[PDB]
Ligand SMILES: Nc1nc2c(ncn2[C@@H]2O[C@H](COP(=O)(O)OP(=O)(O)OP(=O)(O)O)[C@@H](O)[C@H]2O)c(=O)[nH]1
Ligand SMILES: Nc1ncnc2c1ncn2[C@@H]1O[C@H](COP(=O)(O)OP(=O)(O)CP(=O)(O)O)[C@@H](O)[C@H]1O
Ligand SMILES: Nc1nc2c(ncn2[C@@H]2O[C@H](COP(=O)(O)OP(=O)(O)O)[C@@H](O)[C@H]2O)c(=O)[nH]1
Ligand SMILES: CNC(=O)c1ccc(S(N)(=O)=O)cc1
Ligand SMILES: [Ca+2]
Ligand SMILES: [Ca+2]
Ligand SMILES: [Ca+2]
Ligand SMILES: [Mg+2]
Ligand SMILES: [Mg+2]
Ligand SMILES: [Mg+2]
């Protein structure tokens, strides 16, 4: 039962009590987005082509 | 002094953000027009509240906040609300049609054509920061914007702000206040793409906040206002160290050092008390040993789980009110002799305690009653993985039949990103078990 | 109309509760994966407790106390007793035991040999027994070299305890036996003891000069009906009940079953459950738990009771399925989902 | 401001769609001239979803009336709220369709579809943000069925990423104008399966049996049946017309109701249907789910619910609403698929319909709808096996090959509903 790192100020105080010792770059993100945009455009095309038929 | 920027995404994040900043102003003595009489330094100063508020020559204290919703209905409430004067239009961004509860639609479809705008509006606040600390990101798991667009926003912030910290306040999906069948899909999709980009995440299960409102406040059917007023109280206690003089959790970097030894396990469990109904004429004011004791009952955990059948990796106690360290230790001792607090063998068995003398401020007219002392405990327990096991389970039930998958594939997302995200959660549950079970 | 699910097809005890539940016309059974249920008869190993108590407007009940494995596992029960102050290493009703990990994997090897070398030096009875949870695999021997050599031949955790060299023998026959008491714990943590126990007796004369033949030493219902040549001779199915056993105790030893034995059993159950209550209680939990336990006791020639092991998924004696099961529904299930005592309450402090 | 464009085509479509605008215009405080005379601000909160705001504070519905003969639409222009519609939005011919899908889809309808779309574009070009379109029509006729589907096929071409919602009326031999209605229905069904997101199946047979038995009406009329459609349509649109958070728009609704693209045919229902008695929230639910309050003429106990969307209207204990809904799920969970958690959502609306203390509307994506396409396909094959009545169509340019294809496009639709019921 030890109390360490005791700090006190006007607005309060804090301390510790011990009981027992013991990414994607900006390029790849644009490609991920343009890749999903391409997959939406391709699907919208197949739809229209189906309607044109 | 170092600044902190708060980002609110989606409906849940914006309304909750509206409740926190409302509370922040009542605590720091900031009026709706942004005036602070107690602030003697006019137009400047590196005080502790200046981490969340900048000052203009006219004396207005402006929150370092940025709201972002893909549909204007929810944010328009803030533009004409009570605290409309605090913000300026730049801080509020709105699209014209939302994501329809579709992660793929919030991340790819609608996200691609508004991300460079949000970043540009955030870049404007960072410029006002002499020494920016990091970001606080509020949002929801089930919402298409709170989930799809947030994971994307996080990915970019790590690119434009590599060395800055990013903390999350996520809303866990709860069917009692949710109107979306695919919210499991969104939660698992966003937690996958956001994991490596979030340094510390506080998960708040609406199901948890819901029952606390019906049990402690006698609200038979709570509204979002009832839920946000409470979530802000918790958030206020967790962020108070950044806004008030002190030495525990004085900047975002200490939230990881003090709560996340293992990076992937960065979801601390929260617990708050006391929650007393203001309708009660008067209530017997609880002591330190009684409020501290409550921190180990499942009834006031932001996520319903059983810490007894887990293991702790860290633990903080945030007191507010008439509390002295003498009574804190006394409570802790008597709690160890009665409770089941199993720590991992590679972490110390201790508690970092912080005490703010100002008692928790209550929203005039709100539901919570004024108490003289209160505490919020942050505990990194392996028990919180139960929430993942539940969510991961529902994900398996729907994806096994590919139900609703076409709405995501239709927005351009790849079906493989589902299993790639699921396999990630499976590894997250495995790490939770490697740490807690024998 | 209540609803329940079933996930342990091999559970014989609850296979009758489900049958009785349906006989009331007020309980509907669902598929083993329908989460909208009132009562779960869950699986033994790896029961998903984390998913219980999250269905809005549904009170859920499960028939296993999360954390009971601390009491029903061989190695677990030992560490629990030595470490728990409520029991202490000085407990008088639990045989001196030690946890021994096989040398291919804390461990109490040396502390076991110390107490062993102290006995061999004191001329006291020094016959031990080894066993594990991964058994149907037991070895009785008086040589510490044999016991340690047998555990290393395995690959799971084992335990060595003092073999009771002086067990109470029934007459006629000169045979060993054990006592099985069924204890039910409801959601309020009330501890009910089934007034009806059973004595799984051995049909072979106890022989203390030959531990190699384990037919007169082990009193399991499957061993006596397999390797014993006098099965069913004295009593039916090698199961004597608290009536026949209570008469014999009065004709021979001039005492009752209640005083000599039943009192100690009611104290062992109290102290075992009260100990782990803070760890498994579901008082303020989102769901509720209740579990049936099967305690196994030994009685020595001094009429002192010892605790062998606890069963978290025990089976009941043939002649006591109807009465007990109905009791489970009255005090454990219907006590939570009322419809439109054969137990002995063991009062305690919560 | 998310706008919806309404379209009603054909005799049945316009009569039905007409009463609809009469029903909601009264709930929103709009008089026959388009002026507002309500007393609650909720009536105007989401008003611009279905109404365009003109000069002098006038509210002009965003509707387009389409038919191939002036007979029906002339009645609309002379009806109660006939003077409220946009005079230009009346697009009609004179030849008529003669209950012939081919004429509505290939010959007569083709000569008028370019003109109907030009008005659709006019309304959309004024929409700040357009959610999608909603169509009212029958499937047994010629105009609404043949041309109606022709419109959708083209509307989806010019607005590929907008929600196409429809109110389709299924024909029944108990209420049939012609013997060829099975042909017309089967043809349109395959078009709805392809180019629509949400289709409210409304079987006249159910509407009939409801009027005969539950409503005790001796001899029903199309007008009687249209009160049910009016009431039904009033409720299913409440999510979109008033302030709410659940199913607030069409795309969100589609996302929470359609787990698979080709299974978007809903079974609607409401309640209530000795009239001055106050109806308790329990009774609203007990009836709301009973098959006799559903306009699909299908026994849900013969199938399973994929999703359900209940909307409650009127000042009531919203706590008592949750309790009761959670009682129907927990006492009949064997009829809800267990591989879709919480597939039942509940929304509350404070503004009740007319003159009712409280009401409840049912929206169900049930596999029992296959029983409906079974009757249609049975009645189709009964004639197509002998080529009976095919000359009315082969004479319009169609081939038996196109019939065989539609016949099989639906048999596939049934098998699809059948593999999920198991
Ligand atoms: N606690 C709390 N939860 C909220 C609040 N608003 C929404 N939620 C939860 O958020 C989840 C859905 O996310 P939303 O924020 O509403 O959706 P979104 O972020 O606007 O994204 P979209 O799909 O485009 O609308 C639901 O499960 C709600 O329970 C709120 O104000 N407080
Ligand atoms: N220390 C000891 N002294 C005497 N006998 C002992 C003993 N330890 C075990 N036994 C014998 O072993 C039997 C209990 O074995 P154990 O309970 O470890 O295996 P098990 O769990 O598979 C049987 P159960 O069906 O009761 O669970 C008893 O019949 C008892 O006679
Ligand atoms: N419920 C209802 N059904 C109708 C109405 N008018 C026609 N029908 C049905 O629609 C089918 C005929 O379609 P019809 O209206 O003639 O199509 P149109 O040629 O486009 O006008 C028949 O099966 C009728 O039963 C109506 O007012 N109400
Ligand atoms: C044959 N005389 C008609 O006037 C006539 C008869 C039938 C049709 S139909 N029903 O469209 O096939 C059209 C017109
Ligand atoms: Ca200042
Ligand atoms: Ca990072
Ligand atoms: Ca012509
Ligand atoms: Mg939203
Ligand atoms: Mg055993
Ligand atoms: Mg007609």
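Structure determined by X-ray crystallography, 2.9 Å.
Yeah, the Cβs are placed from backbone N, Cα and C, and that goes for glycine too.
These features come from Swiss-Prot:
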type	residues	note
BINDING	B:11, B:71, B:140, B:144, B:145, B:179, B:206, B:228	GTP binding site
MOD_RES	B:40	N6,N6,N6-trimethyllysine
MOD_RES	B:40	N6-acetyllysine
MOD_RES	B:48	phosphoserine
BINDING	B:71	Mg(2+) binding site
MOD_RES	B:232	phosphoserine
ACT_SITE	B:254	active site
MOD_RES	B:282	3'-nitrotyrosine
CROSSLNK	B:326	ubiquitin cross-link
MOD_RES	B:339	omega-N-methylarginine
CROSSLNK	B:370	ubiquitin cross-link
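Same-chain residues at least 6 positions away in sequence with a Cβ under 8 Å from that of residue B:206 (GTP binding site) are, in sequence order, B:171, B:172, B:173, B:174, B:176, B:177, B:178, B:227. With a threshold of 8 Å between Cβ atoms, the recorded positions B:48, B:339, B:370 that neighbour chain C are B:339. Ranking the recorded positions B:232, B:282, B:370 by the distance of their Cα atoms from the Cα of residue B:11 (GTP binding site) places B:232 first. Considering only the recorded positions B:71, B:228, B:282, B:326, B:370, the residue whose Cα is spatially closest to the Cα of the residue listed as 'omega-N-methylarginine' is B:326. Minimal Cβ crowding within 10 Å, among the recorded positions B:40, B:339, B:370, is found at B:40. For the pair formed by residue B:145 (GTP binding site) and residue B:232 (phosphoserine), distance between Cα atoms is given as 21 Å, rounded to the nearest Å.
Note on proximity: of the recorded positions B:48, B:140, B:254, B:282, B:370, the one nearest residue B:40 (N6,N6,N6-trimethyllysine) is B:48, by Cα distance.
Checked against residue B:232 (phosphoserine), the recorded positions B:140, B:144, B:254 differ in C-alpha distance, with B:140 being the nearest. Separation of the C-alpha atoms of residue B:282 (3'-nitrotyrosine) and residue B:48 (phosphoserine): 34 Å, rounded to the nearest whole number.
Checking the recorded positions B:40, B:179, B:254 against chain D with a Cβ-Cβ cut-off of under 8 Å leaves B:179. Between the CA atoms of residue B:144 (GTP binding site) and residue B:254 (active site) there is a gap of 31 Å. All chains included, 33 other C-beta atoms sit within 10 angstroms of the C-beta of residue B:144 (GTP binding site). Each of the recorded positions B:71, B:254 was scored by how many other Cβ atoms lie within 10 Å of its Cβ, and the smallest score goes to B:254. Once the Cα atoms of B:11, B:71, B:140, B:144, B:145, B:179, B:206, B:228, the listed binders of GTP, are compared pairwise, the greatest separation found is 23 Å. Residue B:370 (ubiquitin cross-link) is 17 Å away from residue B:228 (GTP binding site) when you measure Cα to Cα. Sequence-distant neighbours of residue B:140 (GTP binding site): residues of the same chain at least 6 apart with a C-beta under 8 Å from its C-beta are B:10, B:11, B:12, B:13, B:146, B:147, B:170, B:171, B:173.
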